[PDB]
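Notes follow once the structure below has been shown.
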Amino acid sequence: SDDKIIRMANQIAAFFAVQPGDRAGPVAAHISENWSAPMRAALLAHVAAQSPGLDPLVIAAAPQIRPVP
Amino acid sequence: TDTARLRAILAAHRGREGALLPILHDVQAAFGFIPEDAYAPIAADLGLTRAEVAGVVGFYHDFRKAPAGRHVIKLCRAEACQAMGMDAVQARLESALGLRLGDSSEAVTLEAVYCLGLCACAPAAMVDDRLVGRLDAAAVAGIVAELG
Amino acid sequence: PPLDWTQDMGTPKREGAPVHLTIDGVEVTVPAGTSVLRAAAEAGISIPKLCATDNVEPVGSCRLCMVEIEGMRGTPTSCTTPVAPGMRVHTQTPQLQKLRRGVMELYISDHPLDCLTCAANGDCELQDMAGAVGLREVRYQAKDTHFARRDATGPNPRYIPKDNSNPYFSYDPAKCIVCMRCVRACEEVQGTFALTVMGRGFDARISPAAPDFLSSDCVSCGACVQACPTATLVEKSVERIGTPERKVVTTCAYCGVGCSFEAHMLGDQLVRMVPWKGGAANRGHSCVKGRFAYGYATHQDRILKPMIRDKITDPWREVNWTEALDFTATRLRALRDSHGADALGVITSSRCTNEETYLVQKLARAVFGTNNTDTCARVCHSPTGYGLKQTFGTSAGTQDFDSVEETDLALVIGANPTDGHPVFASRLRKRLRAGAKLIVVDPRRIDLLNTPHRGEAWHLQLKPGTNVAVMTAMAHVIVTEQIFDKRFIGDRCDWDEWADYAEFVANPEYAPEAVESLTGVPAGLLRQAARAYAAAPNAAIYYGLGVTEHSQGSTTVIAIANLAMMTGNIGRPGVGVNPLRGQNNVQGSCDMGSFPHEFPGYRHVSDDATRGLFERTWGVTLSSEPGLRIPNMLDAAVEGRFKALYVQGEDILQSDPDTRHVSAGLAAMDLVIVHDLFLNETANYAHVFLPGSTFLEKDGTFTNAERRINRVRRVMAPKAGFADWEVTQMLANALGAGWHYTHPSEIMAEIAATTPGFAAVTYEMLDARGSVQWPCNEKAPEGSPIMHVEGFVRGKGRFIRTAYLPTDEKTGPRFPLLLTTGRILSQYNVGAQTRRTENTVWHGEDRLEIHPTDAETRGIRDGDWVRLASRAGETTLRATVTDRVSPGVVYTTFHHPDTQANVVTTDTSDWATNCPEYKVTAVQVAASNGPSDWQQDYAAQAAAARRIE
Ligand SMILES: Nc1nc2c(c(=O)[nH]1)N[C@H]1C(S)=C(S)[C@@H](COP(=O)(O)OP(=O)(O)OC[C@H]3O[C@@H](n4cnc5c(=O)[nH]c(N)nc54)[C@H](O)[C@@H]3O)O[C@H]1N2
Ligand SMILES: Nc1nc2c(c(=O)[nH]1)N[C@H]1C(S)=C(S)[C@@H](COP(=O)(O)OP(=O)(O)OC[C@H]3O[C@@H](n4cnc5c(=O)[nH]c(N)nc54)[C@H](O)[C@@H]3O)O[C@H]1N2
Ligand code: SF4
Ligand code: SF4
Ligand code: SF4
Ligand code: SF4
Ligand code: FES
Ligand code: FES
Ligand SMILES: [Mo+6]
Ligand SMILES: [S]
């Protein structure tokens, strides 16, 4: 019962976590450069709705994601 | 108990330089020929291919492809031994056994060797790891007598 | 142009200082090692030769290349005679005429006079060298002959009956001239020693150690058939058909090695395909597929007319082009106006050219008005383009395949070049037999490890999934020790990041002694391998689908690049981090867009400076948002908000994971167009169908793994009447774009003008030079054979902290074993091209390489039927017990659709590029008779849906 989008986000976070320096900036930039409108919207909705099964790094990076029109 | 013997042989010749020839010698000495069921393991343990292991076996005459008879009779056919009448010995002997040159059987196997070092003793033969020289038309009698 | 192409020179070309010599009154200048024969060839003075070829080293068998040299006693052979300064040689004296006549006499005394009724008439090297010397009589009344079926008093014991076991070539020894150009080629070039000379002397006959070629260790490469002068080993297509007249240079539609072939043609009927001795990808060598498997183009199952359906449950309808395109465009515009432009999408094909790929990405971007495009790259080698982008800056290779000639070590992670890329494996073995060392990190014993006349070799037989732990351990070993190059780091890379990387990797938890528990590889062996890799002067990494296709692929690739940067194996011939690309033009497809986040040239889509240029060149407004990926596409279609799809040259059903889910997502799709040659697994859910064109009927280019741009020429004529780019522009104009392309030259010009790298690319260049590496601008006009030679592309390499995360595909009670999926040499990925050939001999059924100890407990035996009870499906397959794989590991193949293998595969994928996890799946292998509940339904659907009316 994991949403594919949440899963991908948590994966990306688990990766970008072990890195040095800004860990959330790169995450947000990647999510912005790779994901589409509906997906970004869904993820933002997730992070705004406080859905469980999510990495706090993603919760922190969400505000920095490329805005959805 | 074929795989066992072969593995032992290959272990005995492990790490050598150009160990194919010795391994094949030992194999032939054990069984009596190079079985086609032993072209692969040798190749594997040596890092060769069945093809090369077969080519090597084919090129060389000392490696039998099938077994010989209970007895073997090699008979020089070179110049010196020819000089002092090897043809006559050959004829007498092949009439005695009834097997022409190269013609094998389950009883014996008459073949050529083309030298034994017994050049001074021109008529020379190898009967079952026993060399014989000065093979007149009388010695053949004893050759066949001890050789049923 | 070079002579090595048109003319068969005598001996291989050597490197050395300039040596001057006089060949029959002609001054010549050639390297020192070069032989007399090759120099005479280069001088235009031809000397008769039959047993000497460029592919292999010379041997003194024929004795027909004899030449009188001043200062040398007798008539020495040119082939085995190295040139010396000031040497004056005489090619044709009377004595030599006489001697050559005599030798040809001795030949022909044992040869049948079947000339004029033999396959190789006009293409035989014995006939022209028998006429060249001027043989007019044979005085030897021969009684002992090999060809005579019946000798005096009865049968000839020497006569060996013909062998037609192999469906592609035949071996008639009656015509053999023992010269051994077959043996020499099979041993020196291909590297599989399957041919030998059985016997001593006149009795000597070529033979494999088996009854027939097929039963032997022959992989069907045709290097013996290419090097056999006297029709002994001959292609069957030359027996059925006459000897060909003209030649045309094309390339293979497989493997991404880009082996350059010349199709020998008799009118329009393709007689055969033989390598060209050109292209640095293959120097006159090939494999079964490209060499022989080209009969799919002449198959009856090929579809040649458009077909419209209007409902999958309804039958097809053979239809002309106009109304087909009309219906298609109508439905497309409807769906577009209803659900939006983002409700569409395309799936480009690597199999196709880069011109067609460009047209398709244009169709998806300019016409449709979306960024939803994709390709096969997304299931294979997408993580590569992320890792090597994050580290170096280029999402591509680093070296060519000639680099391997100068390597001193080869580290192979997740590759099987003996099957995947045979012609690369050949040139690898060429080196392995010459001292170079080898490390293999695959969990499964590959045939590259068991190569003959091998040097040293290490094999890290690990557990699938733990590929980054091993790399991390290698790094820990190299860093705890001090073997790495500090000068390289300080010059080409950064230090401040290197310090952090070292302080991280130097932790004693990522050490080889702790990973042995989870990885399964011994510690000492790993340390030894690491030390060997670090110590060697010029090492080279070759990686494939054992790193990319995993839950952590980009991470592994990054670790590998870190290794390659640390050690200093970059920016030089013999060293580099080479991904082994798959399909042809995967590189070219990825370069020409084929991705939902970029434009042609690996430029991001959000780049305003790029979008401007493209809106200016196409005169249309483009989007700045990145598009959906195939997984996303299918998940959407399942959820909705995705209705259309234009599948070009791809099988989204058989060649994709979770067959159930992808099928459910392909079904809920108001329109799914198909553009393949044959009726495919994907076309069972189609509403429309547009025929395609083979590489023989095409015209354009292919961008292979080593960034090489090979040129594809038209030999036949399109049987559907139109090539793929023609169909694509048809569709585009029918929708309203307004393109006018009459030749792909204009398209390539467009490409050049738009993106850089291809700015200097022109078909004339490709013809003259022959091949080009795509990084070719005004700077570096000739090309870029080697990347990062002078500093990296981004400017400074980047060391990234990689780590091992436990995969979610761990194994448990009801799924104890693991799973893997791979390939075979004979058959290609889905075998829609190859199953329709005679390559169903070597592989006609997919099987399961299970371990013996993991078979006894279950009751499995070789040849039994088993079921793979997985989590994401179920399937049945024929077993094969083998000690190749490790215990607790399994290996399947996906070439055949009768067995739905990808229904077992799970949806789990990489994090960055979402490349699926094909190489890990927790399964349960049990014994069963009934095939399956899924395979049955699939067969039923395919039967009820492939009916035409
Ligand atoms: N279990 C498992 N599954 C895998 C993989 C794995 O390793 N394991 N690998 C994945 C990867 S590496 C990839 S490349 C895919 C490859 O497999 P696919 O992506 O399926 O591509 P192909 O095998 O070429 O066949 C697909 C269709 O396109 C058609 N076609 C071929 N040439 C042409 C042409 O010139 N013009 C046109 N118009 N059509 C053409 C073919 O005939 C066929 O019908 O498989 C993926 N699936
Ligand atoms: N004759 C023929 N040629 C082909 C193809 C074909 O199907 N037939 N396919 C084409 C295509 S499109 C592809 S992508 C290319 C690439 O083809 P390759 O790069 O050769 O990839 P594969 O043969 O699928 O398998 C890679 C090897 O690594 C092993 N492995 C599995 N899991 C792991 C792991 O966790 N770690 C490590 N280190 N290794 C692992 C696999 O079991 C297998 O032996 O080849 C192309 N060439
Ligand atoms: S192989 Fe050549 S020489 Fe021999 S019969 Fe055929 S065409 Fe004549
Ligand atoms: S086809 Fe290739 S592998 Fe087979 S015998 Fe000929 S050269 Fe050797
Ligand atoms: S088969 Fe052909 S290449 Fe081989 S020895 Fe005979 S004639 Fe020469
Ligand atoms: S499949 Fe690969 S190695 Fe074989 S001919 Fe085609 S490009 Fe060359
Ligand atoms: S010649 Fe027969 S003995 Fe030496
Ligand atoms: S011609 Fe040079 S030896 Fe055969
Ligand atoms: Mo691929
Ligand atoms: S691929």
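Where a number appears in this text, it was derived from the coordinates with a stated rule and is not lab data. Cβ atoms come from the backbone with ideal geometry, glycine included; neighbour counts cover every protein chain shown.
Structure values in brief
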| item | result |
| --- | --- |
| Sites C:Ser46 and B:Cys115 - FRET efficiency at Förster radius 45 Å, r taken between beta-carbons, to 0.05 | 0.45 |
| Chain C: angle of helix C:422-432 to the longest principal axis, Cα-based, in degrees nearest 10 | 60 degrees |
| Size of the stretch C:708-781 as Cα extents on the principal axes (Å, biggest first) | 40, 30, 15 |
| Cα convex hull of the stretch C:244-300 - mean projected area over all directions, nm² | 3.9 nm² |
| Hydrodynamic radius of the stretch C:404-469 per Kirkwood, over alpha carbon pairs, in Å | 12.0 Å |
| Taking B:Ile9, C:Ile483, C:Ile948 and counting other C-beta atoms within 10 Å, the order from fewest to most | C:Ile948, C:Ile483, B:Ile9 |
| Percent antiparallel among DSSP beta bridges (both partners in the protein assembly as shown, rounded to 5) | 65 percent |
| Out-of-range pairs (alpha-carbon distance over 27 Å; input C:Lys389/C:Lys486; C:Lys49/C:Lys98; C:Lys311/C:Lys698) | C:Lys311/C:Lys698 |
| Bins of 10 Å, starting at 0 and running to the largest distance - Cα pair percent for the protein assembly as shown | 2, 9, 16, 21, 20, 14, 9, 5, 3, 1, 0, 0 |
| Residue-count net charge about C:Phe202 - beta-carbon cut-off 15 Å; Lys, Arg +1, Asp, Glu -1 | 0 |
| Value of relative contact order over chain C, rounded to a whole percent, pairs C-alpha under 8 Å and six or more apart | 13 percent |
| Cα-derived Rg over Rh, computed across the stretch C:760-887 with Rh taken as Kirkwood radius | 1.18 |
| Relative contact order %, chain A, counting alpha carbon pairs below 8 Å whose residues are six or more apart | 45 percent |
| Relative compactness, the stretch C:105-211, computed as alpha-carbon Rg over 2.2 N^0.38 Å | 1.15 |
| Span per principal axis, largest first, for the Cα atoms of the stretch C:185-272 (Å) | 44, 31, 21 |
| Globularity index of the stretch C:516-656, i.e. its alpha-carbon radius of gyration over 2.2 N^0.38 Å | 1.43 |
| Shielding by other protein chains, C:196-203, mean Cβ within 10 Å | 4 |
| Radius 13 Å from Cβ of C:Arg444, net charge of other residues (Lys, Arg +1; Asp, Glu -1) | 0 |
| Sorted by Cβ neighbour density within 10 Å, fewest at the top, the residues A:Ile59, C:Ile47, A:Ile5 | A:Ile59, A:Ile5, C:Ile47 |
| Pairwise FRET efficiency - C:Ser109 versus B:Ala88, Cβ, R0 = 41 Å, nearest 0.05 | 0.70 |
| Largest-first ellipsoid semi-axes for chain C, taking √(5λ) over the Cα gyration tensor eigenvalues, angstrom | 47, 34, 31 |
| Estimated translational D of the stretch C:378-580 in µm²/s (Stokes, Kirkwood radius over Cα pairs; 25 °C; 0.890 mPa s) | 146 µm²/s |
| Convex hull (Cα only) mean projected area of the stretch C:1-243, reported in nm² to one decimal | 14.8 nm² |
| Number of partner chain Cβ atoms within 10 Å, mean per residue of A:29-36 | 5 |
| Summed side-chain charge close to C:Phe702 - residues other than C:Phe702 whose Cβ falls under 9 Å, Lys, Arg +1, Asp, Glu -1 | +2 |
| Cα-based Rg / Dmax (Å) for chain A | 10.9, 33 |
| Ranked list, fewest to most other Cβ atoms within 10 Å of each Cβ, for C:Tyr358, C:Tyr542 | C:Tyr542, C:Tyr358 |
| Cα long-axis angle, helix C:724-735 against chain C (0 to 90 degrees, to the nearest 10) | 30 degrees |
| Helix axis angle, C:630-639 relative to chain C longest principal axis, alpha carbon, degrees | 30 degrees |
| Too-long pairs where the Cα-Cα distance tops 25 Å, listed order kept, from C:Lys13/C:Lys162; C:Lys437/C:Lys779; C:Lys362/C:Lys643; C:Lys247/C:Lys277 | C:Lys13/C:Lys162; C:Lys437/C:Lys779 |
| Of every Cα-Cα pair in the stretch C:814-928, the percent that sits beyond 23 Å | 29 percent |
